[PDB]
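Student: coords_10.cif is reproduced in full below (mmCIF, C-alpha atoms).
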data_model
loop_
_atom_site.label_atom_id
_atom_site.label_comp_id
_atom_site.auth_asym_id
_atom_site.auth_seq_id
_atom_site.Cartn_x
_atom_site.Cartn_y
_atom_site.Cartn_z
CA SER A 1 -17.17 -5.75 4.36
CA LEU A 2 -13.46 -5.09 4.73
CA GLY A 3 -10.71 -6.44 6.95
CA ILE A 4 -7.40 -5.07 8.17
CA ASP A 5 -4.08 -6.44 9.35
CA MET A 6 -0.80 -4.99 10.54
CA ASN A 7 2.66 -6.49 10.93
CA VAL A 8 6.17 -5.27 11.64
CA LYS A 9 9.45 -6.50 10.20
CA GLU A 10 12.73 -4.82 11.10
CA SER A 11 10.69 -1.66 10.64
CA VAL A 12 8.29 -2.57 7.87
CA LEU A 13 4.67 -2.65 8.99
CA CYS A 14 2.82 -5.06 6.74
CA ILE A 15 -0.80 -4.09 6.23
CA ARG A 16 -3.01 -6.98 5.18
CA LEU A 17 -6.22 -5.51 3.81
CA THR A 18 -9.06 -7.88 3.01
CA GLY A 19 -12.34 -6.64 1.58
CA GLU A 20 -13.00 -3.84 -0.88
CA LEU A 21 -10.99 -0.87 -2.11
CA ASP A 22 -13.26 2.16 -2.12
CA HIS A 23 -13.49 5.59 -0.55
CA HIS A 24 -15.05 3.58 2.25
CA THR A 25 -12.26 1.05 2.66
CA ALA A 26 -9.69 3.56 1.47
CA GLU A 27 -10.64 5.60 4.51
CA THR A 28 -9.19 3.04 6.89
CA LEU A 29 -5.83 3.69 5.28
CA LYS A 30 -6.60 7.39 5.40
CA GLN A 31 -6.28 7.23 9.17
CA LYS A 32 -3.23 5.02 8.83
CA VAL A 33 -1.69 8.04 7.16
CA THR A 34 -1.84 10.39 10.12
CA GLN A 35 -0.42 7.61 12.27
CA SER A 36 2.33 6.96 9.75
CA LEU A 37 2.73 10.70 9.31
CA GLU A 38 4.87 10.47 12.43
CA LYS A 39 5.06 7.03 13.99
CA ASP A 40 8.44 7.68 15.55
CA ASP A 41 11.60 6.47 13.86
CA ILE A 42 11.59 5.37 10.24
CA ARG A 43 9.57 2.23 9.59
CA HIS A 44 8.65 0.66 6.28
CA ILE A 45 5.44 -0.06 4.41
CA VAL A 46 4.25 -3.40 3.08
CA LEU A 47 0.79 -3.51 1.56
CA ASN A 48 -0.76 -6.73 0.31
CA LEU A 49 -4.44 -7.32 -0.37
CA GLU A 50 -5.52 -10.90 -0.94
CA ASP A 51 -9.21 -10.05 -1.08
CA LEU A 52 -9.21 -7.82 -4.14
CA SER A 53 -12.71 -7.36 -5.52
CA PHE A 54 -14.04 -3.91 -6.34
CA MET A 55 -10.90 -1.84 -5.92
CA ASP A 56 -11.71 1.30 -7.86
CA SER A 57 -10.08 4.70 -8.18
CA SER A 58 -11.47 5.63 -4.79
CA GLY A 59 -8.43 4.50 -2.82
CA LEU A 60 -6.16 4.83 -5.83
CA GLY A 61 -5.41 8.36 -4.68
CA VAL A 62 -5.46 7.35 -1.03
CA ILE A 63 -2.54 5.12 -1.93
CA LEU A 64 -0.88 7.54 -4.32
CA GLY A 65 -1.28 10.40 -1.87
CA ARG A 66 0.50 8.20 0.64
CA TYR A 67 3.38 7.28 -1.64
CA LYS A 68 4.58 10.86 -1.37
CA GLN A 69 3.44 10.90 2.24
CA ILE A 70 5.23 7.70 3.21
CA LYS A 71 8.43 8.97 1.63
CA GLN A 72 7.88 12.21 3.50
CA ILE A 73 8.76 10.29 6.64
CA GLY A 74 12.00 8.97 5.17
CA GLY A 75 11.27 5.52 3.81
CA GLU A 76 9.65 3.97 0.76
CA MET A 77 6.24 3.06 -0.61
CA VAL A 78 5.49 -0.54 -1.53
CA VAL A 79 2.31 -2.22 -2.69
CA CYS A 80 1.50 -5.66 -4.04
CA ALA A 81 -1.54 -7.83 -4.66
CA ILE A 82 -1.97 -6.77 -8.26
CA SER A 83 -3.98 -8.52 -10.95
CA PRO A 84 -4.55 -8.82 -14.70
CA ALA A 85 -7.76 -6.89 -14.18
CA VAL A 86 -6.60 -4.56 -11.43
CA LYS A 87 -3.20 -3.34 -12.55
CA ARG A 88 -5.15 -1.68 -15.34
CA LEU A 89 -5.89 1.11 -12.89
CA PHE A 90 -2.24 2.08 -12.68
CA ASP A 91 -1.51 0.80 -16.17
CA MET A 92 -3.85 3.44 -17.54
CA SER A 93 -2.66 6.13 -15.16
CA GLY A 94 0.90 5.67 -16.36
CA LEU A 95 2.06 6.65 -12.89
CA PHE A 96 2.57 3.03 -11.94
CA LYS A 97 6.23 3.94 -11.57
CA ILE A 98 5.07 6.19 -8.75
CA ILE A 99 3.29 3.21 -7.25
CA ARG A 100 5.97 0.66 -8.09
CA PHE A 101 3.85 -2.47 -8.00
CA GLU A 102 4.67 -6.15 -8.32
CA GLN A 103 3.05 -9.56 -8.04
CA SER A 104 3.15 -11.36 -4.71
CA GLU A 105 6.67 -12.41 -5.62
CA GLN A 106 7.46 -8.96 -4.27
CA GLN A 107 6.51 -10.44 -0.92
CA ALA A 108 10.25 -10.16 -0.35
CA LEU A 109 10.93 -6.86 -2.09
CA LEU A 110 7.70 -5.72 -0.47
CA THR A 111 9.64 -5.38 2.76
CA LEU A 112 11.01 -2.37 0.92
CA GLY A 113 13.75 -4.37 -0.76
CA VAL A 114 15.88 -3.19 2.14
CA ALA A 115 15.79 -5.38 5.23
CA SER A 116 17.11 -8.92 5.23
#
Before we go any further, please render this structure as structure tokens.
Tutor:
Amino acid sequence: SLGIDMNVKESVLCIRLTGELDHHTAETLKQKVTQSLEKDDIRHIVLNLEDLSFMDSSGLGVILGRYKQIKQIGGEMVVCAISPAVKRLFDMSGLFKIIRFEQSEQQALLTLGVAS
């Protein structure tokens, strides 16, 4: 199974995903794209998965494809909830810089490092 959560902060909508990260769970975010494609003003992203299990390269693109999509709105792309056996996905891709990840600690910078 997979969960889903959404929060707003100054303009950053935190998305708490709990479950699996696959083309199945990655889909949920897929729809969150169209919505974010044009929400209204210029909000911010704030991903954070506490229930990281499978997480394959299924949503890897769904997240990468958003990075350039989220910035297309006029904001920034943030993502946390990494791991010593999960960051290897982006560590091998070498595009981690395009995903700019952290480690919980980013909980603050997650807000987009621009908002209080």
Student: What do you get, as a list in words, if you spell out every residue that the PyMOL selection byres ((chain A and resi 63) around 9) selects here?
Tutor: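 Residues picked by the PyMOL selection byres ((chain A and resi 63) around 9): residues 26, 29, 30, 59, 60, 61, 62, 64, 65, 66, 67, 79 and 99 of chain A.
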Student: Once the PyMOL selection byres ((chain A and resi 12-18) around 8) has been evaluated on this model, what residues remain selected, and can you format them as a list in words?
Tutor: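 Going through the file, the PyMOL selection byres ((chain A and resi 12-18) around 8) ends up selecting residues 2, 3, 4, 5, 6, 7, 8, 9, 10, 11, 19, 20, 43, 44, 45, 46, 47, 48, 49, 50, 51, 52, 111 and 112 of chain A.
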Student: Can you pull out every residue within 10 Å of residue A:27, counting all atoms listed in the file, but drop anything in the same chain fewer than 5 positions away, and send it as a ChimeraX atom specification?
Tutor: /A:21-22,32-33,58-59,62
Student: Just need the box for stretch 1-20 of chain A, edges along x, y and z, holding every atom the file lists for it with 6 Å tacked onto each side, so centre and edge lengths in Å to one decimal, as JSON.
Tutor:
{"center_x": -2.2, "center_y": -4.8, "center_z": 5.4, "size_x": 41.9, "size_y": 18.2, "size_z": 24.5}
Student: Check which residues satisfy the PyMOL selection byres ((chain A and resi 89) around 12) in the file shown, then give them as a list in words.
Tutor: residues 54, 55, 56, 57, 58, 59, 60, 61, 64, 82, 83, 84, 85, 86, 87, 88, 90, 91, 92, 93, 94, 95, 96, 99 and 101 of chain A
Student: When you draw a straight line from atom CA of residue A:69 to atom CA of residue A:114, how long is it in Å?
Tutor: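 According to the coordinates, atom CA of residue A:69 and atom CA of residue A:114 are separated by 18.8 Å.
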Student: Using all atoms listed in the file, which residue out of A:68, A:25, A:80, A:97 lies closest to residue A:109?
Tutor: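 Once distances to residue A:109 are computed over all atoms listed in the file, the minimum belongs to A:80.
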Student: Find the residues around residue A:74 up to 9 Å (all atoms listed in the file counted), leave out those fewer than 3 positions away in its own chain, and share them as a ChimeraX atom specification.
Tutor: /A:42-43,70-71
